[PDB]
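Undergrad: experimental coordinates follow, after the sequence.
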Amino acid sequence: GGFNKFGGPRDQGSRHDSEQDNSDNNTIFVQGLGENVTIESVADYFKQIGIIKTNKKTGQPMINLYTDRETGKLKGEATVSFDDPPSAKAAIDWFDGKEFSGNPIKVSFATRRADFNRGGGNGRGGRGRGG
RNA sequence: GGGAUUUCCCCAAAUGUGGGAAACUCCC
């Protein structure tokens, strides 16, 4: 039960009187988007709370719209990373329960799903020392 | 010693913040 396996902003501490109480959680998860949404829509929809974090090589904001594995189209889930941690907590308390394009949506903290089953992320080849 | 900037390399489905390496300048 609860928000997630980390419990959402439930154990965050002073998050009831402050928009901080986080630092390693500048990311938020979103639900209810629908198929009408895209990277430019989410980032342009969330940026009003604070700046969306940019990827270090793709140049786009750090977003991805998730899809149904049973049909291969938008599930209505997405994940938006904020460039600032206090903007993520505010965007959760704010966007959760309102609409996005006419349909209702939800928002919560986000934490890498891979660290809970896929063993988390992994390194890859490239340049090396003395190169 | 630390922080910021720049550059280079790699798979994609899995669903929620990728890693490694090099250089210069600036700030503490």
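TA: Structure's in. What do you need? Numbering: from 1, shown residues only, chains lettered A, B, ... in the order given.
Undergrad: so the nearest residue to residue A:116 once chain neighbours are set aside, which state does it fall into?
TA: Here the nearest residue to residue A:116 in space, its sequence neighbours aside, is residue A:5; by Cβ to Cβ, 6 or more residues apart in numbering that works out to 6.0 Å. Every C-beta, even on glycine, is put in place using the N, C-alpha and C of the backbone. Following DSSP: H, G, I helix; E, B strand; the rest coil, we place residue A:5 in the coil state.
Undergrad: same thing with residue A:94?
TA: With three-state DSSP as the basis, residue A:94 sits in helix.
Undergrad: also residue A:123?
TA: Classification of residue A:123 using three-state DSSP returns coil.
Undergrad: please report the distance of it from residue A:90.
TA: Using Cβ to Cβ, to the nearest Å, residue A:123 is found at 33 Å from residue A:90.
Undergrad: neighbour count winner among these two?
TA: Neighbour count, other Cβ atoms under 10 Å: between residue A:123 and residue A:90, residue A:90 has more, with 16 against 5.
Undergrad: hang on, residue A:29 packs against residue A:110?
TA: Yes: here residue A:29 reaches residue A:110: they are 4.2 Å apart, a contact under Cβ atoms under 8 Å.
Undergrad: what do those two both touch?
TA: residue A:79 (Cβ atoms under 8 Å, 6 or more residues apart in numbering).
Undergrad: is any part of stretch A:92-104 close to RNA strand B?
TA: No: using Cβ under 7 Å from any atom of the strand, stretch A:92-104 stays clear of RNA strand B, coming no nearer than 9.9 Å.
Undergrad: check chain A for the residue nearest RNA strand B and tell me.
TA: As assessed by Cβ to the nearest atom of the strand, RNA strand B sits closest to residue A:126 within chain A, at 2.2 Å.
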